[PDB]
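*Asks:* Let me give you the structure first, and then I'll get to my questions.
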Amino acid sequence: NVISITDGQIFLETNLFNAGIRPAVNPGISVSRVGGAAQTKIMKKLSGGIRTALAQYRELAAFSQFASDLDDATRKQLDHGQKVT
Amino acid sequence: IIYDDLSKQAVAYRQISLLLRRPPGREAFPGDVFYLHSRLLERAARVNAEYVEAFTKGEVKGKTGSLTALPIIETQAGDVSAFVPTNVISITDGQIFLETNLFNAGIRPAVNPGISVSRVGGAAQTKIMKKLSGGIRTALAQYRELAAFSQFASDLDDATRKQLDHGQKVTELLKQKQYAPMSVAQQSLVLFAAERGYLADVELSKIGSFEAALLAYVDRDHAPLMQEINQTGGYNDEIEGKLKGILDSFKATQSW
Amino acid sequence: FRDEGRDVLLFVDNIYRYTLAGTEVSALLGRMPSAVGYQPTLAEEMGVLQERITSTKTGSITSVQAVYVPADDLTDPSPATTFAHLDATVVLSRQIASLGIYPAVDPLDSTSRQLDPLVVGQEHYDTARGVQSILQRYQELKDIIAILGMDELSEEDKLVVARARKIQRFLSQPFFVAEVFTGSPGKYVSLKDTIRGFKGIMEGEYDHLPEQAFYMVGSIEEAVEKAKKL
Amino acid sequence: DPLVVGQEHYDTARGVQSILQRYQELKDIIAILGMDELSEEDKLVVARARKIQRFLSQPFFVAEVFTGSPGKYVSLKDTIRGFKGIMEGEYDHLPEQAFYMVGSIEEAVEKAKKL
Amino acid sequence: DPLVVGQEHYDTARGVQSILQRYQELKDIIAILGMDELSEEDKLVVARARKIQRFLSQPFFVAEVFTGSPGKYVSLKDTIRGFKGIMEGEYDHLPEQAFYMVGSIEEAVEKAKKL
Amino acid sequence: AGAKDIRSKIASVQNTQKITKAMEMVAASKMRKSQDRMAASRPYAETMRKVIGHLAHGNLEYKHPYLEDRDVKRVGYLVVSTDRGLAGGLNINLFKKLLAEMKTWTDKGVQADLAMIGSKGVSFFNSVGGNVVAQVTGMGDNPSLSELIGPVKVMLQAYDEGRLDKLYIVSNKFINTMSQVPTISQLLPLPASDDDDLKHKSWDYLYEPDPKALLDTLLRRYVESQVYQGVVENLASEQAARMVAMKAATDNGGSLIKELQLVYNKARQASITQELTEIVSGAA
Amino acid sequence: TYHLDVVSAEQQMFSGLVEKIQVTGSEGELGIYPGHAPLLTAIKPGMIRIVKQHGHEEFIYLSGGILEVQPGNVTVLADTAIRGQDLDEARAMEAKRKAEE
């Protein structure tokens, strides 16, 4: 019900909190309906890329770790995502 | 008789039972929902001639009457453990089970063998279909075993590569357009082509062309046999020889 | 029929349907449900049915009951309550039937809590345990054959496989009811004959006659007399 | 319905759906196998499927607030051409992101021409 | 909290939790495929996580009625030293069993001398 | 958690188990073909060794840098590894044994030297920092001798230049279908194999153009042949190791299905009980 | 007649009993007739002529190798590709360059 009522969700996860990622916000499942329309413009520019980068990083991390594998652009993306995380 | 959604009859009966203050049961259905569908579907049957003669006071004597029923049920997420689906699976003589992943893969109609079966089986079929269909079931079952070896390469085996090739070609054989029914002669001819090796060389894209062209060919040139098969459904060495001649002629002559 | 002094067989075509009929009636009368929605009286109603089927001092009723397990779940209250009362358990296999073996009983999943030396005797117990061991080892060896062919087997392994095939053939039987299909006369095999047959096949006697002499024949004497012109 | 939409549209859409189901099947065991133990037949199919999925993504005139990029408009004939273009033309010459949020087929190839 | 227990007391606890949490995520691939398909430092994480798990164990004076082993009391200026050393790998050379039911790091290396 | 997603997990793991069974079957068959390719490699090497014994242990026993024994100042290893994972610990066990002996020589002050077949060893000894001067990769399940010529030619050049005094091959041995072992064996200088016969008096070769030139070509061919034999045996060992690994994986997947189904069924029963309690306790 | 084997490291090219053969030796073409005297030499790339016993003449291409002879038994140890110090050096340098990478 409360997820249905509100304008957004900040999801806090114990698996992220236990792995040292504090504050433990999950970017993939946390959303804001207002959008960047509630940001100062400098923050708007920079933050735009961050959200997509984090979601894509998580997906790539799983894929490329159990594959135990490397490709150049994927490597670059993966170790940029780890650093922003 | 086709009941388009027995699920919705269960839902309506549930509603009207709850509004009448009748005690609720599993998933809120009243206790006798099984009895609802049971006494409904069990009406469908085949009755002997002595019953017919007794009922109609002798105005009809020799015939046996019947009512066959095809009830339809809708499952949620493919769960067959829900109350109504498992009730009606306890009631009927079999099920045709339609899978959405097969539908997405382009297998249409999406009949899922090995989990869809009719207990009446052979007894229902015409002789020719009973003779020819036995191979299809085993071939498709072997295809299911060797499906694991498909995506990962099959270059490491041979006899299984032939069994897989046949199974894939018969799996490609069974799809059909929505409003184009086939007579028993047409079905049996196509199945005879598939079983007796006559499709072994054809590539999958052109199997569809092969079926279309073969039906056109026999309707043009060999109608008398089609008429006799549609009348009798019989099978004989004389008939197998005629079918062999027809398929030999088609492979020799026409382009598909 | 028991009170007349006979020993009687009662076949129940599905015990699960009896459980469900009890559930439906209990629900219609409005009693509060229990467990996974069953009636509160489930175990009592099963006990009322099953405790009448016993051996008395005048006669007995033996019962063979078809069982359906909901959702393939052996933890569900209907199987869990029914299994409290069963003594033996017969499992029929699609795979065994495909081999041409009839009846299609599965020797490794069918069991009985009468198989103890204390009630059935040491000879019968050790024979049943022996054929179970041979068939299980044969299943593992058949996986090895599937992946690596027969070349991997030692002489001991080949002996085990051969005797296992003879045992499996020897489990088939012609019924007086099946004469319509086989045309062979039906056979009733006494327990002593069965024990002797599997004893012999296990311990290497009759290794000198082929496996098809054992198939659908009957007693082991009939197996050897089939072999002589097979 | 192929009668309603026509053959080109219908067989293009149904081909896309078939490709994506095969992709979903491979996707799970790709985690165990990587793409190392997958076969060449799988590799072509996965390439086509991945790029097709990106080509679905479109920027909306409404969503320019969220995205900064202008909203795009694509005609039915055009997108049938584009999905048939990867179906038959198979323009794997182009990076995976060239299919992403571009809209038209021409803008997809032009995005690849820019990078 | 860093303010309440000091930065060492907090950093050691968070290192212990991070290592153990990573141990959990590796268990599914270990379950399906076994340990030999892990990365060469994931193996090291597993080794240190197992050592940490064993060193959390402790003999109690009230458990002599069950274990028969003498009980142990471990002060704060000793346990954080031990765990910090295990995390930094300075005691990584002892075997796993050496850490089971020992009071302090001294008793672990001593027990390793007894194999 | 949630029974619908638990059932999704069950289906996924079942599909995984089927594919690992298929991989076990394939690995067995490939082992067979590579051990047929192994036997064909024997005759060439063994007849070459009989000729080399005829010349080297004969009275015309020239002193050749390849044939003579000298003090170790540098030592080299040719090392074979897979290009593909899922082989279990075959590579890691071989590399551990190599690390032990490479430590032992370098403690004597001896500089170590490495040439790598297969990319797994390349990555491993790039992470370790080992001294790698030659490598070849991507041979897969179709090795060829002409590809091996590069690295062996490099190591041989360092050997007859006097820079390397001894040179090993590092490889697993296909002792059985069921069992294999990692090994390190010296290929240069030529080991003192028994190789004794005196029938050479009856048939002594007419050396065209020269005896020593022919002997040099023979030794070079022999080293090439021994390296190819080691490579093929390591490939067969890879196939057997992957076979046993996939067997274990399939069994573990089934054993996980049997636990997930208990979790699922308990959740099913609990959900039915709770919903019906809400309904009955909801009325009136 | 004599037993001849033509072999390579990967596969055995040919074998059997043979009446004679002609082979391009390091110094020139040479015919090995029955029961021939002992011999050892390098052989040049090209076709070599076999005449198997009962007279079945044949051509086999070889990329080079070594030829050996003794009274009962004769064999050729063939190379798979043209061997030359320049080609071998190219392969060796390719290995070194890969090693730096």
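Ligands are numbered from 1 in the order shown, residues from 1 within each chain, and chains are lettered A, B, ... in the order they appear in the structure tokens.
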Got a sec: who's within 7 Å of residue 99 (chain B), counting only C-alpha atoms, leaving out chain neighbours fewer than 5 positions off, as number ranges by chain?
*Replies:* B: 110-112
*Asks:* If you run DSSP on the backbone, which residues of region 2-213 of chain C are strand (DSSP E or B), as a list in words?
*Replies:*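 Those in region 2-213 of chain C that DSSP calls strand (DSSP E or B) are residues 7, 8, 9, 10, 11, 12, 34, 38, 55, 60, 61, 62, 63, 64, 65, 88, 89, 92, 105, 111 and 112 of chain C.
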*Asks:* Within 8 Å of chain E, which residues belong to chain A? Use only C-alpha atoms and report them as a PDB file with C-alpha atoms, in the first residue's frame.
*Replies:*
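Writing done, so here's part.pdb:
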```
ATOM      1  CA  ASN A  15      23.347  -7.627   1.908  1.00  0.00           C
ATOM      2  CA  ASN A  18      26.902  -6.183   5.359  1.00  0.00           C
ATOM      3  CA  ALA A  19      29.361  -5.867   2.453  1.00  0.00           C
ATOM      4  CA  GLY A  20      30.495  -2.408   3.594  1.00  0.00           C
ATOM      5  CA  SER A  68      35.606 -15.687 -15.463  1.00  0.00           C
TER       6      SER A  68
END
```
*Asks:* Select residues of chain B: the criterion is any atom within 10 Å of an atom of chain D, counting only C-alpha atoms; output as a list in words.
*Replies:*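 Going by the stated atoms only, the list reads residues 101, 102, 103, 104, 105, 106, 107, 150, 151, 152 and 153 of chain B.
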*Asks:* Produce a file of the selected residues containing N, CA and C atoms, as a PDB file, in the first residue's frame.
*Replies:*
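Wrote result_16.pdb, looks like this:
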```pdb
ATOM      1  N   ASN B 101       5.777 -20.967 -23.487  1.00  0.00           N
ATOM      2  CA  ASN B 101       7.132 -20.899 -24.029  1.00  0.00           C
ATOM      3  C   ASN B 101       7.207 -21.528 -25.414  1.00  0.00           C
ATOM      4  N   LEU B 102       6.453 -22.602 -25.642  1.00  0.00           N
ATOM      5  CA  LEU B 102       6.351 -23.166 -26.982  1.00  0.00           C
ATOM      6  C   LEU B 102       5.694 -22.180 -27.940  1.00  0.00           C
ATOM      7  N   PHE B 103       4.643 -21.496 -27.478  1.00  0.00           N
ATOM      8  CA  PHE B 103       3.982 -20.481 -28.291  1.00  0.00           C
ATOM      9  C   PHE B 103       4.943 -19.354 -28.651  1.00  0.00           C
ATOM     10  N   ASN B 104       5.767 -18.928 -27.691  1.00  0.00           N
ATOM     11  CA  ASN B 104       6.743 -17.876 -27.950  1.00  0.00           C
ATOM     12  C   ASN B 104       7.827 -18.353 -28.908  1.00  0.00           C
ATOM     13  N   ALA B 105       8.244 -19.614 -28.786  1.00  0.00           N
ATOM     14  CA  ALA B 105       9.231 -20.176 -29.698  1.00  0.00           C
ATOM     15  C   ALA B 105       8.698 -20.344 -31.115  1.00  0.00           C
ATOM     16  N   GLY B 106       7.418 -20.068 -31.346  1.00  0.00           N
ATOM     17  CA  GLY B 106       6.800 -20.264 -32.638  1.00  0.00           C
ATOM     18  C   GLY B 106       6.174 -21.623 -32.851  1.00  0.00           C
ATOM     19  N   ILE B 107       6.185 -22.493 -31.842  1.00  0.00           N
ATOM     20  CA  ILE B 107       5.535 -23.800 -31.934  1.00  0.00           C
ATOM     21  C   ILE B 107       4.040 -23.569 -31.749  1.00  0.00           C
ATOM     22  N   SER B 150      21.782 -30.327 -28.208  1.00  0.00           N
ATOM     23  CA  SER B 150      21.586 -29.555 -29.432  1.00  0.00           C
ATOM     24  C   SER B 150      22.404 -28.266 -29.428  1.00  0.00           C
ATOM     25  N   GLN B 151      22.192 -27.411 -28.424  1.00  0.00           N
ATOM     26  CA  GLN B 151      22.793 -26.079 -28.441  1.00  0.00           C
ATOM     27  C   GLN B 151      24.309 -26.166 -28.323  1.00  0.00           C
ATOM     28  N   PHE B 152      24.800 -26.777 -27.246  1.00  0.00           N
ATOM     29  CA  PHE B 152      26.150 -27.323 -27.254  1.00  0.00           C
ATOM     30  C   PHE B 152      26.240 -28.320 -28.403  1.00  0.00           C
ATOM     31  N   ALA B 153      27.369 -28.318 -29.106  1.00  0.00           N
ATOM     32  CA  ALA B 153      27.430 -28.923 -30.433  1.00  0.00           C
ATOM     33  C   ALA B 153      27.233 -30.438 -30.393  1.00  0.00           C
TER      34      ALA B 153
END
```
*Asks:* Write out as a list in words the residues lying within 12 Å of residue 134 (chain B), counting only C-alpha atoms and excluding same-chain residues fewer than 6 positions away.
*Replies:*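 Listing them by chain and then by number gives residues 121, 122, 125, 127, 128, 140, 141, 191, 192 and 195 of chain B.
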*Asks:* Looking only at the backbone, which of the residues in region 23-146 of chain B does DSSP tag as helix (DSSP H, G or I), as a ChimeraX atom specification?
*Replies:* /B:26-28,33-41,49-55,83-91,100-104,121-124,127-146
*Asks:* So which residues touch residue 98 (chain D) within 12 Å, counting only C-alpha atoms, skipping near sequence neighbours fewer than 3 positions away, as a VMD selection string?
*Replies:* chain D and resid 50 to 57 91 to 95 101 to 115
*Asks:* I want to know what sits within 10 Å of region 161-163 of chain F, based on only C-alpha atoms, with residues of the same chain fewer than 2 positions away left out; could you give that as a ChimeraX atom specification?
*Replies:* /F:65,70,72-76,111,155-159,165-166
